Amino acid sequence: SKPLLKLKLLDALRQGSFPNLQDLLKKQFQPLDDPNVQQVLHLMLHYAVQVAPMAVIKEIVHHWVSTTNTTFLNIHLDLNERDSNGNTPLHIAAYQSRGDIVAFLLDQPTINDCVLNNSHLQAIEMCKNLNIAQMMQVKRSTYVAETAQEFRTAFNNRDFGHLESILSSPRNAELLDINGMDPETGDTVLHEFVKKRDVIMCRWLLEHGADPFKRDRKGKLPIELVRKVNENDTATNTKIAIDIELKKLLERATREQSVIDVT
């Protein structure tokens, strides 16, 4: 039954009519609880990238990817769905030299161009056409710079909601290094908040991956940026309580870190 569904879907995709595809799915890809139906639908974007016109690929993505929209399909297609080879639609598009599809996918809100297939390759490495590879490299570099800016905006305005959205992004897990030097300031975030003496932000950063063993551009560890104070107990040391708290936090984090960032 799965082979039948695959052949049926590919036939509709090759014909290139989205309205026809929509009707086909609505009437023949039922019920929603059929395993084969679900499995083939999950690979629809892969198959579309292989045989369908740009217009169809665009309609598929705009109709069934965004989780904020309810549709008849009743399935939110994953733009980063991995097939049995670990390939995503972007991997397929890059290998098949469909530059326009590659660019379109890279412009989508939920795209993750860092997914590795079973051979440990990213989509950009699938390119035989290096002009397409160059375009992917430039688009990634632009995104990296804009995201570094987004992160700076969020932490400098102390917007935890925004920070949550930035660090929870699958793509940012690899394109935004909380322990790396910012491309514009050259500074490392934990260090900056230690100097700012914002302990709550420091705690938040540590819980989200910030490493107390990381040295910034000046070769300084976060703990070395704490005010040079003697006392280890806040009792009767009210005027340096924040500094003591900060020192204690970083000392504890240094013990708890477990995995030191290696560069």
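For every residue, the number given is its place in the sequence shown, counted from 1.
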> Taking only the CA atoms, which stretch has the higher mean B-factor in the record, 126-134 or 87-95?
Replying inline: 126-134
> Mean CA B-factor: is it higher for 235-243 or for 251-259?
Replying inline: 251-259
>> By the CA temperature factor listed in this entry, which of these ranks top: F213, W204, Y47, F29?
In response: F29
> Reading the B-factor column of the entry, which of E150, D78, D113, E174 has the highest value at its C-alpha atom?
Replying inline: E174
>> Going by the CA temperature factor in the PDB record, which third of the chain does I166 belong to: lowest, middle or highest?
In response: middle
>> Split into thirds by Cα B-factor across the chain's modelled residues, where does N118 land: lowest, middle or highest?
In response: middle
> Can you tell me which third, lowest, middle or highest, the CA B-factor of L25 falls into for its chain?
Replying inline: highest
>> Ranking the modelled residues of this chain by C-alpha B-factor as given in the entry, is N157 in the lowest, middle or highest third?
In response: middle
> Can you tell me which third, lowest, middle or highest, the CA B-factor of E192 falls into for its chain?
Replying inline: lowest
